[PDB]
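2 protein chains.
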Amino acid sequence: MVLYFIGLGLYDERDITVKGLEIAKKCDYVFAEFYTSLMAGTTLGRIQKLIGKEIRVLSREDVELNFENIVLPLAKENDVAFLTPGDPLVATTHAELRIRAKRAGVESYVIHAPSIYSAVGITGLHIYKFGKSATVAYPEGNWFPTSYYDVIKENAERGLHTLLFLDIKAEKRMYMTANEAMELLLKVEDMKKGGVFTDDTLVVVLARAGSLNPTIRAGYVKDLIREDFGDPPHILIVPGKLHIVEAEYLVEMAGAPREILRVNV
Amino acid sequence: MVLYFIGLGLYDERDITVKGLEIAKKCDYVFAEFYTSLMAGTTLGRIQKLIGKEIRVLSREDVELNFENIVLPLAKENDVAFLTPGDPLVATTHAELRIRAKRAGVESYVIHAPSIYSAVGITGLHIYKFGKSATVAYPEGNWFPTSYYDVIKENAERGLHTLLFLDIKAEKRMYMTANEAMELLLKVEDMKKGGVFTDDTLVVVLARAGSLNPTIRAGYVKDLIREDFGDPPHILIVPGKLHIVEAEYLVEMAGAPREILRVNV
Ligand SMILES: Nc1ncnc2c1ncn2[C@@H]1O[C@H](CSCC[C@H](N)C(=O)O)[C@@H](O)[C@H]1O
Ligand code: NA
Numbered sequence: 001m002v003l004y005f006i007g008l009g010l011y012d013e014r015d016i017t018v019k020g021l022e023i024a025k026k027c028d029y030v031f032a033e034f035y036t037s038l039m040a041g042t043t044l045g046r047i048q049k050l051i052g053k054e055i056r057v058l059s060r061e062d063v064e065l066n067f068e069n070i071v072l073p074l075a076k077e078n079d080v081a082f083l084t085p086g087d088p089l090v091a092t093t094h095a096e097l098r099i100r101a102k103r104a105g106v107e108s109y110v111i112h113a114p115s116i117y118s119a120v121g122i123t124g125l126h127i128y129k130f131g132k133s134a135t136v137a138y139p140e141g142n143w144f145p146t147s148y149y150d151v152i153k154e155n156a157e158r159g160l161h162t163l164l165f166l167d168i169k170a171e172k173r174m175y176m177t178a179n180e181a182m183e184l185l186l187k188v189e190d191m192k193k194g195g196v197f198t199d200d201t202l203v204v205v206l207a208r209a210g211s212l213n214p215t216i217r218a219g220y221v222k223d224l225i226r227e228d229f230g231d232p233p234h235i236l237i238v239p240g241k242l243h244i245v246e247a248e249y250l251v252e253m254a255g256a257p258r259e260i261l262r263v264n265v
Numbered sequence: 001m002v003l004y005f006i007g008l009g010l011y012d013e014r015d016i017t018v019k020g021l022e023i024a025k026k027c028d029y030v031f032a033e034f035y036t037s038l039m040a041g042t043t044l045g046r047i048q049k050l051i052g053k054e055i056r057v058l059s060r061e062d063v064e065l066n067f068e069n070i071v072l073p074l075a076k077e078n079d080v081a082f083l084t085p086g087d088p089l090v091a092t093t094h095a096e097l098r099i100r101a102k103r104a105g106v107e108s109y110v111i112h113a114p115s116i117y118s119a120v121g122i123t124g125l126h127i128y129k130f131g132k133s134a135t136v137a138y139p140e141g142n143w144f145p146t147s148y149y150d151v152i153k154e155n156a157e158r159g160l161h162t163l164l165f166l167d168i169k170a171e172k173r174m175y176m177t178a179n180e181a182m183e184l185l186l187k188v189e190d191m192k193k194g195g196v197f198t199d200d201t202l203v204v205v206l207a208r209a210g211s212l213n214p215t216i217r218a219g220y221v222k223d224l225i226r227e228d229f230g231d232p233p234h235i236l237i238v239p240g241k242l243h244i245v246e247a248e249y250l251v252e253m254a255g256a257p258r259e260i261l262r263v264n265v
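The listed protein sequences correspond, in order, to chains A and B.
Residue numbers in the first sequence follow the numbering used here, run continuously in steps of one, and reach 265 at the last position.
Residue numbers in the second sequence follow the numbering used here, run continuously in steps of one, and reach 265 at the last position.
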């Protein structure tokens, strides 16, 4: 009788850790959610096949409102696993679900998996240099979110990089591309005019991290805004002050304009 | 003709991903490094047995100075793997190794694995709230480094959390404990007197992330500075102002004193 929060990784069913696979294989019941992120290189079938279990997929409402009514009950008698894309507790509210488990008298364990948060390391940007992170959310109705713009500004002022998670509307199957994120940011810049995100701003795009051939592109907004970066998911990064070796990597590995080699110190 | 940068994950031999293990088993040669960090929950022998391949260990110099003469030559006509604790490319200087590969006409692919950068999410602290990261280094001779102190200050000042890596002497297998890190910071506070780290500062200690039984403790320095957090490696975090949900998780899961629910929120 226990509950396991098991991450599935970045792209496909093989991104799960060996620890996660072996424990997942021996659980009595297996639940999962696929709304907090997109695993573009797999399907539910391949996942079930790999674990050898039927996986009951839950909606955001099932989780946020009925986790303790659907999942916890079975944990009191059996070994249950709750699967999620990437790492279970990263850029989600899943951590709080452990508190519900405790209050229900259920012990929980966390099995980590590759996360986009550390995968950004493949962009060549020093991970210790990333500042506060933010999410570019789709405007809805008359409400136009802009907080993420202020985050970039705050980090940029300190010479730190900014990781931008992109919005997702799972039930509509809508995944925000880096192109859309860029369009929204220019509109915010037009509104606030803080000189934070313009046509000349250098940005980095990472698409489908975890796959063997992710798309990694670095360049000025004016040139990348209409570029095709392949299928989702995508994340956008606005680097801060670059180190020489970071610039070198962007140019050699991400096709960045050879001119960024000339870092203003 | 291919070089695979493969992450080994957080704690033991099972923290590597299914993708990483399968790829490693198919490589003709397998290298690894344990100078940036060590897999405290396993041994080289256990990792070798799992991959079913002989593993040649490389020192810091072998990598930084001779990567192209030791690893890349074999990658010209064979499939080669380079194993590192955590997620590949997280360690600052590793990204540059891909440039060396390109230069040698060698293709390289990155196989991600859990990293402490994302695993700290188990402390209940929101990932988006972490700011710049830093390493607490031991002072020595006439050298008393204190930059990590300024990092905490600049992050906390903006309501951001600070992830602190502790000094490690891989070769001599000597680890800096969280207790030691705290003592150093108190000593640094006495010199800079910026009111950044004192007996009343709330801190979180994460030990053996990745194991099924990690140590997660949150509390004020005056009460934790002499507490035993167990075997290394330890990770220290100086949280910024907490979201009530973060505070609740620390109280319920990390034994934090109820006091933080009013003092640090
Ligand atoms: N493989 C991948 N490549 C690019 N972006 C990714 C990605 N996986 C997740 N993301 C990004 O992160 C968002 C989900 S946020 C949830 C993240 C997850 N817990 C983790 O640990 O990675 C997506 O909308 C997308 O913008
Ligand atoms: Na960070």
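Each residue gets a CB set at the ideal place from its N, CA and C atoms; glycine is no exception.
Ordered along the chain, which non-local residues of its own chain (more than five positions away) have a Cβ less than 6 Å from that of residue i?
i	result
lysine 129 of chain B	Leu160, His161
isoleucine 168 of chain A	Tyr175
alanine 178 of chain B	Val205, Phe229, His234, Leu236
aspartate 12 of chain B	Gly41, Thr42
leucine 242 of chain A	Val263
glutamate 77 of chain A	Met1
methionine 182 of chain B	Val221, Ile225
Can you tell which of the options has the C-alpha that lies nearest to the C-alpha of residue i?
i	options	result
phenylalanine 5 of chain B	B:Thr215, B:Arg158, B:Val106	B:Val106
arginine 56 of chain B	B:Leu50, B:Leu44, B:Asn66	B:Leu44
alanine 32 of chain B	B:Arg14, B:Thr135, B:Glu54	B:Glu54
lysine 25 of chain B	B:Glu64, B:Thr42, B:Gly41, B:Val80	B:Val80
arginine 100 of chain B	A:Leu89, A:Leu185, A:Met253	A:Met253
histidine 234 of chain A	A:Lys153, A:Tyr117, A:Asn78	A:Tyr117
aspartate 223 of chain B	B:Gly210, B:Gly240, B:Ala207, B:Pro257	B:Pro257
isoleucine 244 of chain A	A:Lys193, A:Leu125, A:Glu140, A:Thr146	A:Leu125
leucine 184 of chain B	B:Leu3, B:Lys172, B:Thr198	B:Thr198
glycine 41 of chain A	A:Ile23, A:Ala119, A:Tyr29, A:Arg14	A:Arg14
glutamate 246 of chain B	B:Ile122, B:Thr146, B:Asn213, B:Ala207	B:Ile122
residue 271 of chain A	A:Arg46, A:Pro88, A:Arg98	Because chain A here runs from 1 to 265, residue 271 of chain A falls outside it and cannot be looked at.
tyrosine 109 of chain B	B:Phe82, B:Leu261, B:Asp28	B:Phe82
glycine 240 of chain B	B:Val196, B:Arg208, B:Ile225	B:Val196
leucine 72 of chain B	B:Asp28, B:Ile47, B:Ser37	B:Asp28
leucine 58 of chain A	A:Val30, A:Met39, A:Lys193	A:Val30
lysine 172 of chain A	A:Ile16, A:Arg46, A:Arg60, A:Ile70	A:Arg60
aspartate 231 of chain A	A:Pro214, A:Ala218, A:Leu89, A:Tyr249	A:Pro214
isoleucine 152 of chain A	A:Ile127, A:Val18, A:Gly131	A:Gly131
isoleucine 70 of chain A	A:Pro88, A:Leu38, A:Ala104, A:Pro139	A:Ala104
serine 37 of chain A	A:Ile127, A:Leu89, A:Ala181, A:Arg226	A:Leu89
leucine 186 of chain B	B:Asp62, B:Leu8, B:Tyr220, B:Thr84	B:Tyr220
What is the C-beta distance between residue i and residue j, in whole angstroms, given that I count them as a contact (C-beta under 8 Å)?
i	j	result
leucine 50 of chain B	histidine 112 of chain A	Between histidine 112 of chain A and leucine 50 of chain B the Cβ distance is about 18 Å, and since that is not below 8 Å, they are no contact.
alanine 137 of chain B	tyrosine 35 of chain B	The pair is not a contact, with the Cβ atoms about 15 Å apart (cut-off 8 Å).
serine 115 of chain A	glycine 141 of chain A	Rounded, the Cβ-Cβ distance is 32 Å, inconsistent with contact.
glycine 210 of chain A	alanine 119 of chain A	7 Å
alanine 91 of chain A	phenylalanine 165 of chain A	6 Å
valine 188 of chain A	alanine 75 of chain A	Incorrect: roughly 44 Å between the Cβ atoms, too far for contact.
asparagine 155 of chain B	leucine 202 of chain B	No, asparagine 155 of chain B and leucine 202 of chain B are not in contact; Cβ-Cβ is about 14 Å, not under 8 Å.
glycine 7 of chain B	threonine 84 of chain B	6 Å
Please return the same chain residues whose Cβ sits closer than 7 Å to the Cβ of residue i, not counting the five positions on each side in sequence.
i	result
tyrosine 148 of chain A	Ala134, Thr135, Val136, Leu164
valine 251 of chain A	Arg258, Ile260, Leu261
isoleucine 216 of chain B	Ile122, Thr123, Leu206, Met253, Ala254
Cutting at 8 Å between CB atoms, please list the residues of its own chain near residue i, excluding the five before and the five after it.
i	result
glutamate 64 of chain B	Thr93
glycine 52 of chain A	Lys25
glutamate 22 of chain B	none
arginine 46 of chain B	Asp12, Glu13
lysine 192 of chain B	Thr146, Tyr149
Margin query: Counting only Cβ-Cβ distances shorter than 7 Å, please list the residues of the stretch 145 to 166 of chain B near chain A, keeping chain order.
Written below: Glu154, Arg158, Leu160
Notebook entry, point to check: Just by C-beta distance, which residues in the stretch 114 to 130 of chain A are closer than 7 Å to chain B?
Noted result: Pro114, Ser115, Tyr117, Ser118, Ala119, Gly121, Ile122, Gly124, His126, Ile127, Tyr128, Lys129
Check: Which residues, in order along the stretch 68 to 95 of chain B, keep a beta-carbon less than 9 Å from a beta-carbon of chain A?
Finding: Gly86, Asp87, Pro88, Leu89, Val90, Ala91, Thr92, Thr93, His94, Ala95
Next item on the list: Residues of the stretch 241 to 258 of chain B with a CB closer than 7 Å to any CB of chain A: list them in chain order, please.
Entry: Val245, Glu248, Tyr249, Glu252, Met253
Checklist line | Any heavy atom of ligand 1 nearer than 5 Å to the CB - residues listed | finding: A:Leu10, A:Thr36, A:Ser37, A:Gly86, A:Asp87, A:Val90, A:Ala91, A:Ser115, A:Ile116, A:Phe165, A:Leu166, A:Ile168, A:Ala209, A:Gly210, A:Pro233, A:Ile235
Notebook entry, point to check: Relative to ligand 2, what is the chain-ordered list of residues with a Cβ closer than 5 Å to any of its non-hydrogen atoms?
Noted result: A:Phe130, B:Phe130
Note to self: Short of 9 Å Cβ to Cβ, which residues in the stretch 100 to 113 of chain B face chain A?
What the structure shows: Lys102, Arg103, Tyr109, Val110, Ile111, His112, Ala113
Note to self: Beta carbons nearer than 8 Å to chain B: which residues of the stretch 11 to 44 of chain A have them?
What the structure shows: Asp12, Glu13, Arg14, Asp15, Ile16, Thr17, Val18, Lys19, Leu21, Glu22
Notebook entry, point to check: If you measure beta-carbon to beta-carbon, which residues of the stretch 195 to 216 of chain A are closer than 9 Å to chain B?
Noted result: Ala209, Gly210, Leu212, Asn213, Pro214
Note to self: Closer than 9 Å between beta carbons: that is the criterion. Which residues of the stretch 130 to 144 of chain B meet it against chain A?
What the structure shows: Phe130, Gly131, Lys132, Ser133, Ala134, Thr135
Next item on the list: Return the residues of the stretch 47 to 70 of chain A that lie within a Cβ-Cβ distance of less than 9 Å from chain B, sorted by chain order.
Entry: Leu50
Item checked: Positions along the stretch 220 to 238 of chain A whose CB lies within less than 8 Å of some CB in chain B -> none
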